[PDB]
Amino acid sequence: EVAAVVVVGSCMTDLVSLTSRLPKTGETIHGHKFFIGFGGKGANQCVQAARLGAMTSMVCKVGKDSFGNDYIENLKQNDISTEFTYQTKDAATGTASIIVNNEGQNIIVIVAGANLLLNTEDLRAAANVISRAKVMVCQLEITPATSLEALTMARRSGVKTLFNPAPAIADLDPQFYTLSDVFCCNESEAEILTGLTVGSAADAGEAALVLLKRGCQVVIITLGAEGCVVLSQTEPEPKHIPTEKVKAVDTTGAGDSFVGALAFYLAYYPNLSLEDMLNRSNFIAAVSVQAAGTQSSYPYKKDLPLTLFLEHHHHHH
């Protein structure tokens, strides 16, 4: 009955137009393809955890609109609990409108909409699910104050906090660091948070140490094809966890796959070393980059080697 992974965050309808060029102010242009996808960092993370076998619950707000109805059905199709998936008449379901040219350069207009109306009253009603989970996951796509209250509730319940400061803003409220058991971001988010350049594993180590000293317990910087770099209060010397060369088709939502995998390991394989968890998380996110379509690319257990689900240490998947 009880969800082990609770995600408090964002659901967004992806509205994607492919064109030969991006438009200038005042321009009407013809694209050659349009498609609707299920996105939002919160839902993407929740979906990857659910597909690995996690019992998950998605605490979010969508609209009382067709896109919101379709989102609830998407979460139920991935066996995600929608008990505290709220629907509001007061705004539309969140949108990410994405225009992509032939070369892969894009413009993105996000309207967070109903996501921003998820409030502290909504979290109090969800308090039974949040307090009884193993892991609480949050990002920066809903109201900051709401993510902070979710982190506060999880901390006082002894629930592990996994925070993804995405998208990043430079002067983040210091409590996001001190309430984070695991603080996981990418290279460009690390640059925004620290003002430092991340062009190597060594540079990622230096950025992670800045983040650790602001009060995080564990800091992970994802490095795309370079894997990730990790350190912690107990082991402050950074480690580089590389990942084998694969043929990337579409990396969109790779970080969300990585975070959802990590939530799954924290919740169901708590005795694995952190480096083992991240090595597994790298392999699962690298499966996602080998196919198109964000949530569509996130593998299920049946599609993955069984060594990813061993109760003891295992290195090569």
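In this text, rigid core is short for the largest set of C-alphas that superpose within 1.5 Å between two forms. Position 1 is the first residue in the sequence shown; the rest follow in order.
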Comparing 106 to 114 with 83 to 91, larger root-mean-square C-alpha distance from this form in 9 other deposited structures of this protein, core superposed, belongs to 106 to 114
Comparing 191 to 199 to 176 to 184 by root mean square Cα deviation from the shown form in 9 other deposited structures of this protein, core aligned, the larger deviation is found at 191 to 199
Using only C-alpha atoms and the B-factors in the entry, which stretch averages higher, 269 to 277 or 29 to 37?
29 to 37
On average, which has the higher Cα B-factor in the deposited entry, 49 to 57 or 245 to 253?
245 to 253
Tell me, please, which of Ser10, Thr307, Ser17, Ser297 has the highest C-alpha B factor according to the deposited entry?
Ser17
Of the residues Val230, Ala125, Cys185, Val182, the one carrying the largest Cα B-factor as recorded
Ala125
Name the third of the chain's ranked CA B-factors that contains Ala170, choosing lowest, middle or highest.
highest
Report the third (lowest, middle or highest) to which the CA temperature factor of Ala190 belongs, ranking only the modelled residues of the same chain.
middle
Ranked against its chain, the third holding the CA B-factor of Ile98:
highest
Please rank the C-alpha B-factors of the chain's modelled residues and tell me whether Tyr177 sits in the lowest, middle or highest third.
middle
Within this chain's modelled residues, let me know which third the CA B factor of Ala133 belongs to: lowest, middle or highest.
lowest
